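Read in order, the letters of the sequence shown are residues 605 to 633, 638 to 877 in the entry's author numbering.
Structure first, commentary second.
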Amino acid sequence: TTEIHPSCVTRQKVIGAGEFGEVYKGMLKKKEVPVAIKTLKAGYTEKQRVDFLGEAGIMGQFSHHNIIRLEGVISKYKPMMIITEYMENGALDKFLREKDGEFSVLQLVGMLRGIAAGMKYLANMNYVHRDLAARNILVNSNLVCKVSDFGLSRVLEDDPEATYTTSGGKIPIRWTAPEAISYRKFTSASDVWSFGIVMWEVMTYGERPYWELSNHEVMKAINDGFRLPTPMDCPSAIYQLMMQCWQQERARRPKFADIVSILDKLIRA
Ligand SMILES: COc1cc2c(Oc3ccc(NC(=O)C4(C(=O)Nc5ccc(F)cc5)CC4)cc3F)ccnc2cc1OCCCN1CCOCC1
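Structure below.
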């Protein structure tokens, strides 16, 4: 994992903030390159500093067009920084809502193909995402979609003195396959279930899955056999692909390799 020299980075503008810390737009110096810069909140524990840097090391392993690129880290000075390629259009779910109705079906299917190609790469690396959702897909100015994991599932509001703490990150119920909710059996096939949910987010221009249902209401519906309905102006072939992703038996779900091929074929026809 590349350590970046602080003289090569300038922070220009905060573009997001929370209890993790902040995200900035900045430049990385060759002509300079725009970057996102994620910082660590002041007062982190040694566990948080190690985890923060450990996540950057995980991201640095990947090298794919449809996976957010890590330029490097600043770990030797404060504030510590994770420095990534900049994605002009931000998160996909927000982007689609801002662009409601403004894309052709072919363009939306192209976004899904890019996400699937990133996931196929992750699957071939034996990496299970566990939080595949449009909020974790980033969009650049050319509308290229790239897989990321900011780590929202691993922010914990546990009291530092609590008797009971969350172990192993929280799970996004509306995005998670049934065998992963029940038995914590997370695999690429449970990611494929999540991909089907992303397909529905995309074809609805960012509707919240099951929005009228509580989390328990969602798990009951799925267990009763309910599946998200066909969005208006969703082609039949795309909805069939969604339904295959949502097969109760994980062995019957397509592989990300298959999804990429299926989407490629539709795009050429
Ligand atoms: C808040 O706004 C933005 C945040 C961005 C961003 O943030 C991050 C996302 C993920 C990570 N990931 C990580 O820190 C990690 C990760 O992703 N690991 C990982 C794990 C698995 C995997 F497959 C890939 C990556 C943990 C390391 C780090 C980030 F800093 C990265 C790139 N571009 C961004 C653009 C943003 O707005 C652009 C302007 C949008 N406008 C729209 C219109 O309204 C105004 C705003």
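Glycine included, every Cβ here is placed at the ideal spot set by N, Cα and C.
For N697, the Cβ falls inside the 8 Å cut-off from some heavy atom of ligand 1. For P786, the uninterrupted alpha helix (DSSP H) run begins and ends at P786 to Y791, by DSSP. Secondary-structure assignment with DSSP links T838 through no beta bridge to anything.
In this structure, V810 places its C-beta atom within 9 Å of the C-beta atom of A742. If you ignore the 5 residues before and after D757, its C-beta comes within less than 7 Å of the C-beta of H737, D739 and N744, all in its own chain and listed in chain order. Per the coordinates, the alpha-carbon of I723 lies some 13 Å from the alpha-carbon of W808. In this structure, the beta-carbon distance from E663 to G777 does not fall below 9 Å. Pairing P642 with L648 gives a Cβ-Cβ distance that is not under 9 Å.
Just measuring C-alpha positions, the residue of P786, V868 and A859 sitting nearest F834 is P786. When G622, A644 and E607 are compared, the shortest CA-CA separation from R615 is found for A644. Cα atoms of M688 and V658: separation of roughly 11 Å, rounded to the nearest angstrom.
For a cut-off of 8 Å, the C-beta gap from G726 to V755 is around 4 Å, short enough to register as a contact.
Less than 9 Å divides the Cβ of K684 from the Cβ of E607. Residue state for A621 is assigned as strand, using DSSP reduced to three classes. One Cα belongs to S822, the other to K638, and the distance between them is close to 52 Å. Excluding its 5 nearest sequence neighbours in each direction, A699 has C-beta neighbours in its own chain below 8 Å: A742, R743, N744, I745, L746 and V747, listed in chain order.
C853: member of the alpha helix (DSSP H) spanning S844 to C853, first to last residue. In its chain, beyond the 5 residues on either side, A797, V800, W801, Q852, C853 and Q855 have a beta carbon closer than 7 Å to the beta carbon of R861. In the three-state reduction of the DSSP assignment, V613 falls in the strand class. A straight line joining the alpha-carbon of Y791 with that of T784 spans about 12 Å. Relative to ligand 1, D701 has its C-beta separated by 8 Å or more from all heavy atoms. Inter-residue distance for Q848 and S761 is about 29 Å (C-alpha atoms, whole angstroms). Here DSSP, grouped into helix, strand and coil, assigns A731 to helix. Beta-bridge analysis with DSSP links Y628 to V618 and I645.
The three-state secondary structure of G718, taken from DSSP, is helix. Contact check for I789 and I779: beta-carbon distance about 7 Å, within the 8 Å limit, so the pair qualifies. Between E710 and the set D841, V618 and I875, the nearest pair of CA atoms involves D841. Taken from the Cβ of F670, at least one heavy atom of ligand 1 lies inside 8 Å.
Shortest gap from the CB of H673 to any heavy atom of ligand 1: 8 Å or more.
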